[PDB]
Every structure is written in C-alpha cells, then in structure tokens.
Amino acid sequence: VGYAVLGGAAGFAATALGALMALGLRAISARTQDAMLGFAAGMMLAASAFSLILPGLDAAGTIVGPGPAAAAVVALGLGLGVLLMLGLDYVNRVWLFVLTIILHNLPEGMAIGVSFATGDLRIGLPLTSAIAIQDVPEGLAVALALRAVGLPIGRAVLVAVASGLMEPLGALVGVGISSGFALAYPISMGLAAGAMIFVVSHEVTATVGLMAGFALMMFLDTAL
C-alpha cells in the first residue's frame, strides 16, 4: 500500500510539474499537443502490454499453472476492464471535459496500485515511472486544453493539478481489488490493462509521439 501510495504520489507530482509548465506556455501549436498525446498514448499502450498483461500471465501461470487457464484469467480480467470503462462512458461544458480527464486517470491510478500489490518492484517501478513520465506532458496538455476552452491559465493549472489527485486515489482502489485472493492479482492486472487500452483506443506527428512512447517503454521494461 505504502509503495503504491508513493507510486500514485509520484504520479500526482508529475502531473503537477506538467500543469505548472503551462503557466509559461499558455498556448501551443495543435501539432505539438498532438505530438504529446501520441507520446502519452504510446507509453500507455506499451506499459499495459509489457508491464501488465505479460507480467499478469506469469503471475497467473504460477498460481494456476502454465496451462491456458492462466491466460484465460488475465484475458477475462482484461475484457472486464473494457466493459468497466465502456460502462463508465456516461458553458456548463467545462465540467464534462474534466470528468473525461478524471475518467482517463482512473485506470492509470489502479495500474500503479495493482503493479505493487505483491511488492515486486520489478513490476511496480517500470510501470510507475512509465506512468509518471507521461503525466508531465498530459498535465501540460490538460491545463492547455482547459485554457483553450475558456479558463484563465491559473484556474486551468489548478484544475489540472487537482486532476492528478485521481492517481493516489486510484492506486488505493488498485491495491484493494488485487489483494482479496490470489487470483485477484492477475485478474486485476488484466483489468487495468483492459481499462487503459480502452481510454487510449477511445480517447484518440502523433505516431512519431506514439512510437517514441512505445520505444521508450520498451527501453524502461528492459532496464527496470
């Protein structure tokens, strides 16, 4: 839990650093935002593969065996994450935009808490550092988009900073649903990957960003 709360904390702090950077920019070209959003997606796609799905299968394979039942648990968990996020998809229009940002961060918060529930830092940290590396440009992104739709930059940062609070919260949620029983871990692993692939598939020069984020994550998986 503590390793997970500190993991979400690093995620909050990193969102803050990117949000505070918007104080100076205030506005960027569309392409640069699209670059940053391809980069952040790229991270998420690769981390839900190399940090959740493939470690979940191994987690599953030792609890239940090398057979297809272990892959069945993680894939079923993964499908339930998609349905979860699909279900969650439901000028007084700022609020509707920030719920999106809040819903985006719910998987990333759980992912951190799920990756730590067994303590294996060879799963918690590559993922957590992967999530926090991409919260800088996303924090930045959230703040600029909030400003682009009409808030003063100070409010925009403020809301963007507050938005990162979903990562400490969601890390708690993730440690919870992954600790009740031994299958919960690989299921939860598939679930967070499922949730996270959704928002990437549903939320969205950008493929330069995407490759970057995907090559970067692979680099992180090797080294951490």
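The first residue of the shown sequence is 1; numbering continues from there. By rigid core we mean the largest C-alpha set that fits within 1.5 Å across both forms.
Structural divergence in 4 other deposited structures of this protein between 206 to 214 and 19 to 27: following superposition by the core, 19 to 27 has C-alpha atoms lying farther from the shown form. Per-stretch RMS Cα distance to the displayed form in 4 other deposited structures of this protein, following rigid core alignment, is highest for 160 to 168 when 160 to 168 and 49 to 57 are compared. Where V204 is followed by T205 in the displayed chain, the model omits 10 or more of the deposited residues that sit between the two. According to the entry, the deposited sequence places 10 or more unmodelled residues between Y90 and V91. On average the C-alpha atoms of 81 to 89 have higher B-factors than those of the other stretch, with 81 to 89 and 126 to 134 being the two compared. Here 95 to 103 and 149 to 157 are compared by their mean Cα B-factor, and 95 to 103 comes out higher. Of all the options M110, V74, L140, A117, the entry's greatest CA B-factor is assigned to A117.
In the deposited entry, the Cα temperature factor of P68 sits in the middle third of values across the chain's modelled residues. In the deposited entry, the Cα temperature factor of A212 sits in the middle third of values across the chain's modelled residues. Among all modelled residues in its chain, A19 ranks in the lowest third by Cα B-factor. The entry lists a Cα temperature factor for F39 that places it in the lowest third of the chain's modelled residues. Annotation for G164: C-alpha temperature factor in the lowest third relative to the rest of the modelled chain, per the entry.
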